[PDB]
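Working notes for the structure below.
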Amino acid sequence: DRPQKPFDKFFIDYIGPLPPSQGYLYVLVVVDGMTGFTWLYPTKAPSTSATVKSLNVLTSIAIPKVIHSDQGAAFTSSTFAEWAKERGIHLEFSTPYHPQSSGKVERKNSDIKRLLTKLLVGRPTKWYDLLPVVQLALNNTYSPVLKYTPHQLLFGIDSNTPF
Amino acid sequence: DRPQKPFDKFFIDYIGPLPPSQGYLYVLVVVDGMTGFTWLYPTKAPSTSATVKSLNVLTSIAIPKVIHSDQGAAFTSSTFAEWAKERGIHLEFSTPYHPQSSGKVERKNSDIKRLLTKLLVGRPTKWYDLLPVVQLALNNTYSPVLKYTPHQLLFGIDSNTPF
Amino acid sequence: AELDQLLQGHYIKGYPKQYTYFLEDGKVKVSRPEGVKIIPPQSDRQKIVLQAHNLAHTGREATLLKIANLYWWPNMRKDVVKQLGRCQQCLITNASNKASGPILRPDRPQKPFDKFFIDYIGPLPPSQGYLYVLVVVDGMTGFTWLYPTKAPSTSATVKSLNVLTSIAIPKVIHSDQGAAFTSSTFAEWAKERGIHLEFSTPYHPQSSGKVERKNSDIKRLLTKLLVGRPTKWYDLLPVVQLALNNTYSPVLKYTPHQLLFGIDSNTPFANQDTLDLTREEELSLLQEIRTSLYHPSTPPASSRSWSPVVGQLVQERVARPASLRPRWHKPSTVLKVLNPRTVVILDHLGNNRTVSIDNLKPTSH
Amino acid sequence: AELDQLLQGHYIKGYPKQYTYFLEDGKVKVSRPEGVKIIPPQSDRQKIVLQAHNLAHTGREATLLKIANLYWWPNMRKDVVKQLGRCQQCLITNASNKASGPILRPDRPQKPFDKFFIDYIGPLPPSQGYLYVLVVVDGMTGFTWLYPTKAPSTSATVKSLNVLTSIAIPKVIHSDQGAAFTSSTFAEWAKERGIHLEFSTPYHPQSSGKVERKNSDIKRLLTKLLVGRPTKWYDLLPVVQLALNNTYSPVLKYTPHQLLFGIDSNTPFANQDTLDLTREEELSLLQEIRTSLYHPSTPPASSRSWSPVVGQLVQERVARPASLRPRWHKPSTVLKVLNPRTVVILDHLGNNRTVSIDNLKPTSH
DNA sequence: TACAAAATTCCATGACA
DNA sequence: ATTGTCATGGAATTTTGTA
DNA sequence: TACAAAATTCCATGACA
DNA sequence: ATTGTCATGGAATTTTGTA
Ligand SMILES: COc1cc2c(cc1Cc1cccc(Cl)c1F)c(=O)c(C(=O)O)cn2[C@H](CO)C(C)C
Ligand SMILES: COc1cc2c(cc1Cc1cccc(Cl)c1F)c(=O)c(C(=O)O)cn2[C@H](CO)C(C)C
Ligand SMILES: [Mg+2]
Ligand SMILES: [Mg+2]
Ligand SMILES: [Mg+2]
Ligand SMILES: [Mg+2]
Ligand SMILES: [Mg+2]
Ligand SMILES: [Mg+2]
Ligand SMILES: [N+]
Ligand SMILES: [N+]
Ligand SMILES: [Zn+2]
Ligand SMILES: [Zn+2]
């Protein structure tokens, strides 16, 4: 019906356990459905509690209409449910084991993994400090389709750090 | 030549030794030649030093053109001389033993003595506190000649405490 | 109820016909120039407003703009304003946007000693163990006495004024409401002498302006004398006092000393015009000079001023507002309007307070 | 010499004939409308003035009036003014009576991330052991990030900005000259990212106005949320941030969030006008909205303003002036006039200083 | 019965924390 | 019941000395 | 083609210590 | 090299719904 827009869906996932960096062990992955903008958040555990702390951070900037995720114990929890109900966010879960998401999102959700590994070899202890540089990198990569960066789709401007 | 005016002459003298009041022993007496306005200052000794402290106080208000006094050791001193030279005050001394001053001043310089004694009997220890009330009293007494108070001659107005 | 007949095309006072009022999702909708808006039922409306407003506690336009996104109804701003008038939090937190009316220029005291204004300066750097200066300005002449004290305290003030009031006793002593003077010991001292005490409105130095303006002259002259040297003000006080009492006001064309005495003492550059007149002829020229002094008139009001009306909701500025707390008291009502700048309010709660309008804002809405 | 022929009745440029110039006590005298005055010899004159002036360090008219009591000569005020220009003490102590010219209204940054303005608020009451808030305002949109810190310190600032600059890197960060940002560690962090640092003139918050004005909104909204309750700001910060970024400016008719994103997130009362347009059509309407924002023009100059001229004697306000000390530095000269409100001076002595005119007075005489 | 320049008056600006 | 004030130095105006 | 009242825009005031 | 800003609520103005 209505065309796809930023903040319509936030695809979230956990990555890790990684080697300990500054006493952190996981990355929470938050990609915007429409733009492919990515936010990364370092956590100590793939728990509801950690998710909520992280997403509280993100949702001072913007609140998605829908968060999509797999049926991970942390997301299917009733605390997390009440958390989203408070903010008027609708929760959407992939069926277990056949975890679909948008074609563009997979493309993206895949890059990150590749990028993190290229980083994790040779520098496995220091990955906490490089998260911002990683983020700036993903958000300013040209999409092979559209040929706009996520940065460009979100802000409608060129970025000051281009790749 | 030119008519007599306030601040033309200040007649100064010492009274005491009196009974000790708040550890004070003498009164320095300063009557304006023209108006009969009187200032009293309590001192510990009839010394140059005490005179200077007192007269420094008076001469933040007004500086006389001439101070007249007897040849008391405190006034004939060379410190006191330099003090007056600093301020451009001319020093004037009565011959010793025949100590003349203005007719109006004597009238006044006499009242004070009478007034102080009436006070000193019955209350000889407390005379320090009553000096202001005494002063207000002398300065607001009708002159039998002119029929203006000293207060009136100095300020050109009626006083708020009349006698 | 009042929404059924509207879909039925009937007229309801306030809802312009010519716009079609359809139905979707069980909500009454209207198609407006600005877009498609939901009309909520009357009972729902106050709730809606409160919610819009509570997001950031926004004023009239900023709240309206939020609401206008989703909803329409008639006379929206009316309901918004109604709500803002009832938001405790905004009332006590928001600033004024209305300045107080033009200041008054009280008549100059008529005779010397009619009125003294007094005040303490400091703390200053320790000089001879003294920290404060008591300043006494005669209202009429501007003549000023200075006294150094160890504390801005009643006892000190009495000691100094006992010396001063040997020259003459004033009708009225005017001061600020600092502990020194609001003390019962001071009231008693004054009552012993038939001196009426009179107090500025709290937290308002304009009312003591005749003194406060003189503190500036004192502080400025002392400063200049002290360039280069260590701050040793004690010995300078007398020199400053004499200096100042003997300085011309370019507007009056006289020195305080002149207006008090009608003739110069034996100071530098002493004026000699009256040297030929008897003291009597001098004293009456002085009588006349004093009456004919320049006197300022009050300035024009700024385009957006306000005046106190008896019975007007009004708020008083918080005294020593803590960090993060409201800058204003809850509302209170005007009881008497003493002059257009001073007011009696019934406050918190409920005491009579005589306050200046500079320390009031008219509660809005 | 030049006084002999005057008694002899000869003309001397400047001394009006028609007044008789007699002799008494070996002083040349003249009979004037105002009275009988002594004319001192030229060599004596500067001395006379200095003495009059030194009684209380009085300005032009007040000094003249003293001198006029005893003396006359031609062009008295000329010699007075000459002297006042050379009185070290008055120059560094007296206030200005000339206001600075109208403020400028710098062009709004063109794109988001062109310019961040930053600043610290506090100390606040201890909340969760945090005392300060780092505030970051995007120049173009007004969008604001809040970060709580334990100290207004470089390390803290870096930590917070590392988080922030994941979203995007700015061209320019503008700040005040507080230790946090003037530190070499900060310069280095910025240079690592190709972020240009730019600093307000010292002791002049108008230059950081875009942030400082936002601190007020923050402090005011927090306050309101805290009426009644204990001051627990830590947990509120995010709510205030969201609240504020999503508040309309009645003049712009947009929220910061809108100007940054061109569409509302899933918040209360989210605007739905663009719901029908593709993201592309949205992004270019936004491109156009941003360019066509309201922009203030500079106000008219007050009747008695001043502008900096290259080579003008000028004085800079003393930083943290001690009690009883001069409020102004010795004079210094203007080197470049950067814009009509910012200036480069050669100071004490002699360093180049880039200062605001609000912190300067033009040395008089 | 009129001029330039001096003398005076006007008056916004800022500081009494 | 209580209330702004006034030194300062450019600029605006008025007066002065001379014709 | 002209009205009262609502809607909007104007804009001085004040606060970021 | 650097530079004031903008929410707020009466009041002033413009637009609206109806004739
Ligand atoms: C504006 O902040 C001030 C508060 C002042 C004072 C002065 C100022 C600045 C100011 C000073 C003098 C005159 C004017 Cl006309 C003026 F505007 C005092 O001078 C004073 C006293 O005890 O004498 C007490 N206060 C207290 C707060 O401590 C309250 C009365 C607010
Ligand atoms: C006027 O006195 C102030 C001095 C301020 C600040 C604010 C004000 C009041 C004011 C505040 C904000 C904006 C505007 Cl325009 C404004 F006028 C700061 O906010 C601030 C900072 O470090 O952020 C540092 N200072 C320091 C002195 O400690 C110096 C810069 C003078
Ligand atoms: Mg998972
Ligand atoms: Mg003797
Ligand atoms: Mg006081
Ligand atoms: Mg004071
Ligand atoms: Mg700061
Ligand atoms: Mg600040
Ligand atoms: N009055
Ligand atoms: N600019
Ligand atoms: Zn509110
Ligand atoms: Zn000087």
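Derivation of every value follows stated rules applied to the coordinates shown; laboratory data play no part. All Cβ positions, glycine included, derive from the backbone under ideal geometry; neighbour counts span all protein chains shown.
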Computed label-point distance, nm, for sites residue C:185 and residue C:96 using a 7 Å Cα→Cβ extension: 3.7
Whichever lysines have a C-alpha closer than 21 Å to that of residue C:253, once near sequence neighbours (fewer than 8 apart) are set aside: C:111, C:210, C:214, D:37, D:66, D:78
Cleavage-rule hits (chymotrypsin sites (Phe, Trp or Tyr not before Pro)) in segment D:256-365: DSSP loop, at most 10 neighbouring Cβ within 10 angstrom: D:294
Principal axis dimensions, chain B - Cα atoms, whole angstrom, descending: 43, 40, 32
Total formal charge among the other residues, if their Cβ is under 15 angstrom from that of residue D:124, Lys/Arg +1 and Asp/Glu -1: +4
Eligible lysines near residue C:330 by straight Cα distance, threshold 21 Å, same-chain separation 8 or greater: C:82, C:98, C:361, D:219, D:224
Student exercise, segment D:248-293 dipole from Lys, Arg, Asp, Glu Cβ charges, in Debye to nearest 20: 240
Inter-copy label distances at residue B:25 (7 Å, Cα→Cβ; nm, one decimal): 9.2
Segment C:145-207 and segment A:56-104: distance between their alpha carbon centers, rounded to Å: 72
Residue C:50 versus residue A:15: modelled label distance in nm, points set 7 Å from Cα along the beta carbon direction: 4.7
Reciprocal mean inverse distance between Cα atoms of chain D - Kirkwood radius, Å: 25.9
Dipole in debye (nearest 20) - chain A, about Cα centre, beta carbon charges: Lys, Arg +1; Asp, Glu -1: 300
Antiparallel bridge percentage (DSSP; both residues within chain D; nearest 5): 75
Axis-nearest residue in chain C [Cβ, rotation onto D], distance in whole Å: C:302, 7
Selected from D:83, D:258, D:177 as most flexible by GNM, with chain D as the system and alpha-carbon contacts under 10 Å: D:83
For the axis carrying chain A to chain B: nearest C-beta residue of A, whole Å: A:60, 33
Least to most buried among C:363, D:63, A:38 (fewest other Cβ within 10 Å first): C:363, A:38, D:63
Centroid-to-centroid separation of segment C:209-264 and segment B:105-160 [C-alpha atoms, Å]: 30
Position residue D:309, label points 7 Å along Cα→Cβ, spacing to each other copy in nm (shortest first, one decimal): 5.4
DSSP-loop trypsin sites (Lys or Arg not before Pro) across segment C:9-50, with at most 12 other Cβ within 10 angstrom: C:13, C:17
Local electrostatic count, residue A:19, Cβ distance below 12 Å [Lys/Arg +1, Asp/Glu -1]: +2
Counted charge near residue D:45, where neighbours are those whose Cβ lies closer than 11 Å (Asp, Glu -1; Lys, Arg +1): +1
Charge dipole of chain A about the Cα centre (unit charges at C-beta), most positive-ward option of A:95, A:125, A:157: A:125
The protein assembly as shown: projected area of the alpha-carbon convex hull, averaged over directions, in nm²: 59.1
Whole-number percent relative contact order across chain C, with pairs defined as alpha carbons under 8 Å at least 6 apart: 15
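For chain B, what does -39500 (n - 2.57) per DSSP helix run (n ≥ 4), summed and divided by total residues, give at 222 nm, in deg cm²/dmol to the nearest 500?
Values: 5 runs with 58 residues, N = 163.
After summing the helix terms and dividing by residue count, I get -11000 deg cm²/dmol.
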Across the identical copies, how the residue C:330 labels are spaced - nm, sorted shortest first, 7 Å along Cα→Cβ: 6.1
Exposed GluC sites (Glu not before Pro) absent - longest run of chain D, DSSP non-H/G/I/E/B, at most 11 other C-beta within 10 Å: D:35-365
Coil-residue chymotrypsin sites (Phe, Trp or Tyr not before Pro) of segment C:4-104, DSSP, other Cβ within 10 Å capped at 16: C:11, C:19, C:22
